[PDB]
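Notes follow the structure.
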Amino acid sequence: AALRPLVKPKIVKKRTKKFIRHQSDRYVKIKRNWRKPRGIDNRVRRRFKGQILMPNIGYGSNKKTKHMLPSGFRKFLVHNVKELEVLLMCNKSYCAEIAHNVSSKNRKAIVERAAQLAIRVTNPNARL
Amino acid sequence: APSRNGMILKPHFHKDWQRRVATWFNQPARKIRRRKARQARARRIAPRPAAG
Amino acid sequence: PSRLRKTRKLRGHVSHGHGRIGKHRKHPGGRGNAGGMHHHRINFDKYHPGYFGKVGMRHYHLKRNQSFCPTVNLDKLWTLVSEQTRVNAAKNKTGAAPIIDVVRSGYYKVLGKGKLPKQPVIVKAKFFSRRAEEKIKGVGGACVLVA
Amino acid sequence: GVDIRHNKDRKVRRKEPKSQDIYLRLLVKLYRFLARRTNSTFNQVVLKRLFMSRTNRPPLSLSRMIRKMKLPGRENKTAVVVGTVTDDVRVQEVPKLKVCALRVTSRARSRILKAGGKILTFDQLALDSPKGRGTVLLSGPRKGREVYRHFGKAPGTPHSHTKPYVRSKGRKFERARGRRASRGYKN
Amino acid sequence: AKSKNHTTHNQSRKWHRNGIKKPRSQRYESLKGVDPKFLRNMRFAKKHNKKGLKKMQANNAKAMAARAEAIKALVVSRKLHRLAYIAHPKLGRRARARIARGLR
RNA sequence: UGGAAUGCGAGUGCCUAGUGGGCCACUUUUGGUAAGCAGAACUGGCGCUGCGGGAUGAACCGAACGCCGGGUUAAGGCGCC
RNA sequence: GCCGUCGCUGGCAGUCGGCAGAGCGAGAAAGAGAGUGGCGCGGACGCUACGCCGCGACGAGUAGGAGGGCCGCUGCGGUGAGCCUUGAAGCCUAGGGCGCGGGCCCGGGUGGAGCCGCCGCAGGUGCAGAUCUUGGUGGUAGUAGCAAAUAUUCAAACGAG
Ligand SMILES: [Mg+2]
Ligand SMILES: [Mg+2]
Ligand SMILES: [Mg+2]
Ligand SMILES: [Mg+2]
Ligand SMILES: [Mg+2]
Ligand SMILES: [Mg+2]
Ligand SMILES: [Mg+2]
Ligand SMILES: [Mg+2]
Ligand SMILES: [Mg+2]
Ligand SMILES: [Mg+2]
Ligand SMILES: [Mg+2]
Ligand SMILES: [Mg+2]
Ligand SMILES: [Mg+2]
Ligand SMILES: [Mg+2]
Ligand SMILES: [Mg+2]
Ligand SMILES: [Mg+2]
Ligand SMILES: [Mg+2]
Ligand SMILES: [Mg+2]
Ligand SMILES: [Mg+2]
Ligand SMILES: [Mg+2]
Ligand SMILES: [Mg+2]
Ligand SMILES: [Mg+2]
Ligand SMILES: [Mg+2]
Ligand SMILES: [Mg+2]
Ligand SMILES: [Mg+2]
């Protein structure tokens, strides 16, 4: 019974696993954030078979469904009611996300206003 | 080492030049100090010409 | 600003852009202009011919004021005076020629590059070049020497 | 796999001015449309030069404009230079010109106007000459720069009249060995 | 220690990356290095070219007059051919009208 | 009648890093009994490069690499692994 | 099929609407030319032109060069009538997602007083290594060991022992 987007095409992801950094499973000091390996002998860098995979532009997402949420919208962070009224005329393609640091008192006004304007809110039930 | 065409330069930085760098951050203060002394001198010698 | 420079783009690249084989070492080849007559000879002879050796006489206690002699060509002579000086003399019937005093404009020698407008003029100067004197005379002018 | 080299795929050429000037870009918007929607190659050439850098847009002296606009058959045409029209004191008489330029020096404006001439701006040229008809496109000397004295064969090679890089000029500064037979050699 | 002494391996590969360009050819070559005695006279030949300027104009105009005077006296299958004629936008303009008029 | 075929847009100028230990294969080739030895020519490779085959392997054979679906192949294979 | 790059130095200012008339892809130069005589009041989107759109080819990479980062860190000028004790920073999280990625957003918890977005400016601005510095903690491990110089035993007292 939620607000629906103008269209809801099929979202295709060329990949869903994250790219884990080389050897980030072997040490705690190596975080999983990706880093382009650059060792001379690095077998990940040389693209040996069965090794960790490197990101490259080929994995890029379709321009038509890029950044699109599972609901079919695209999010836009808002901090108050005034910021919410920009989405008045793109309410069938962009939803509202209320910033984490907005007090519970101010959320009710935003969540109420968005209901009047038919703007979708991704986190309407938070800090209640 | 020289690289292709260029000028042959002989910078005079073979001494301890950093020990004797005269900065000029007191320049505005100097200008105020000299101006304050010109006005105080003109008052002292008035009505004689300030220039001298 | 350091945010627009290579150092920000060489982060995470071993060798910081100086190579893995040759590396960045302190002073390979010598400091400054060392090697001119030696392992750096080709550079000096290719781009700095004449660099080595001595030519000509020495002059102790040179005083560059004594040789002060700014020069002006004839193509710029009429700019030393006002515009209304040249037009008034161009259109006058008595034939009176204006005086152009180059020394007043800060020049000592008059040189002959260019051509003069067909107009008499009296030129004062410490020095003149031969072709300058002929060109000033060609338009009915006169050369006057000052000290 | 296809057997081809990729080192020349990307052509190096300006597609817009490096300059962030908003009036230059308004002219570029104007002449982007004209170059696209008219079959005039004059519009294309002007558009290209609005992108060109400062050293690719040399200033045109007043004397040189008069010389090129005095050639037979060029009467009552508009001189067009994508650059600055400087003044030339070495000129005595300025005729009546009609010029279009990006800039005209303060003293060159008075001389051109005092002679009855007209000074356009490139937005006025489009209204006057949408296709560039009746124009005389002019360029300043491109090799008129101190740098081109230093280019070519290295000064220490036979018959190389290149200008060297010397801190000072005089008898003691790169004139002994390699520049006279008396000291080693000459070439 | 000992090392390699000399080779030209990989050298014709480097030479051909930017091509072994032939020297540039201009329709006018420099007179550098030609016989000084012959160059001295060639300069003298050029220096006095203007002496015979009037004579050249007279001959050229005279030659032009004779040249102009002489001129002023002197002056696959038949079906597929036909179809190719009709299908021509200009030549077959009337022929296409004829078939259209008859068609009506 | 732009005067052979074929293919292809070219010319030109500045500034410029790294490199300046190489090594391997067919053919040719010097020294050495020979060497996975030392030294050359040509081309191609490895270095800088993964991928299918050679069980395994810097270089051999095939073939060069954006992320995918279907189809077909190369060199190699089709007792079982 | 999708992503990006390169190329076409490609197309779009024509949204020219009731002061209207819908075209300029089509084998083959140049005008949907101008004139002189013989009922309803209606018609999607677009165009941050640094934008949007189309078509074709292509995509290995050390050393090295370049571009673009709505990648990230700290401070300054502007701006957000910005956020914040109705809870800032920080920190934790088998929570929901976004992006090729650098990373980011939201939910929940803890915390207790500050903080961030955008346009610019600035830099002591990004760590896996350096027998790196300083601090902390492991396994080894309840392990090596508590073995030089002959030696202790009985009863009682104090005492929780
Ligand atoms: Mg390696
Ligand atoms: Mg160098
Ligand atoms: Mg690299
Ligand atoms: Mg190193
Ligand atoms: Mg470098
Ligand atoms: Mg080196
Ligand atoms: Mg070395
Ligand atoms: Mg150095
Ligand atoms: Mg490919
Ligand atoms: Mg490449
Ligand atoms: Mg290139
Ligand atoms: Mg060597
Ligand atoms: Mg060998
Ligand atoms: Mg190496
Ligand atoms: Mg290669
Ligand atoms: Mg290979
Ligand atoms: Mg085998
Ligand atoms: Mg397949
Ligand atoms: Mg690549
Ligand atoms: Mg965890
Ligand atoms: Mg407190
Ligand atoms: Mg700091
Ligand atoms: Mg560390
Ligand atoms: Mg024990
Ligand atoms: Mg003991």
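Throughout, protein chains are lettered first and strands after them, A, B, ... in sequence-line order, and every chain is numbered starting at 1. Both backbone and side-chain heavy atoms feed into the values below; hydrogens, waters and symmetry mates do not.
Base engagement by C/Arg3 is indicated by at least one non-hydrogen atom pair under 4.0 Å involving a base atom. Residue contacts for A/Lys36: at a heavy-atom cut-off of 4.0 Å it reaches no nucleic acid atom on any strand shown.
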Evaluate the criterion side chain to side chain donor-acceptor pair (under 3.5 Å) for residue pair D/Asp21 and D/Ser19; output intermediate values, then yes/no. CA-CA 5 Å; D/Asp21 179 354; D/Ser19 170; 5.0 Å; no
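In terms of position along RNA chain G, the nucleotide closest to A/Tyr59 lies nearer the 5' end than the nucleotide closest to the other residue of the pair A/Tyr59 and A/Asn123.
A Watson-Crick or G-U wobble pair does not link G/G40 to G/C158 when both relevant atom distances must lie under 3.5 Å. Judged by the 3.5 Å cutoff on both pairing distances, G/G136 and G/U85 do not qualify as a Watson-Crick or G-U wobble pair. Nucleotide G/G10 is annotated as unpaired relative to G/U36 [Watson-Crick or G-U wobble, both distances under 3.5 Å]. With the cut-off at 3.5 Å for both distances, G/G120 forms a Watson-Crick or G-U wobble pair with G/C76. A canonical Watson-Crick pair (purine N1 to pyrimidine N3 plus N6-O4 or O6-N4) or a G-U wobble (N1-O2 and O6-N3), each contact under 3.5 Å, is absent between G/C52 and G/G38.
Phosphate proximity of G/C58 to D/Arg5: absent, as no side-chain N or O sits under 4.0 Å from OP1 or OP2. Taking side-chain N and O atoms only, A/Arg47 has a distance below 4.0 Å to OP1 or OP2 of G/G61. Phosphate contact (OP1/OP2 of G/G64, side-chain N/O of C/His18, threshold under 4.0 Å): absent.
Looking at D/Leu50 and D/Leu24, their side chains come closer than 4.5 Å, going by heavy atoms from C-beta outward.
With both ends at atom P, the span from F/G57 to F/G47 equals 15 Å, rounded to whole Å.
Applying the 90° cutoff around 0 to the glycosidic angle, F/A40 is assigned anti.
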Under-3.5 Å N/O pairs linking protein and nucleotides 22-28 of chain G:
none

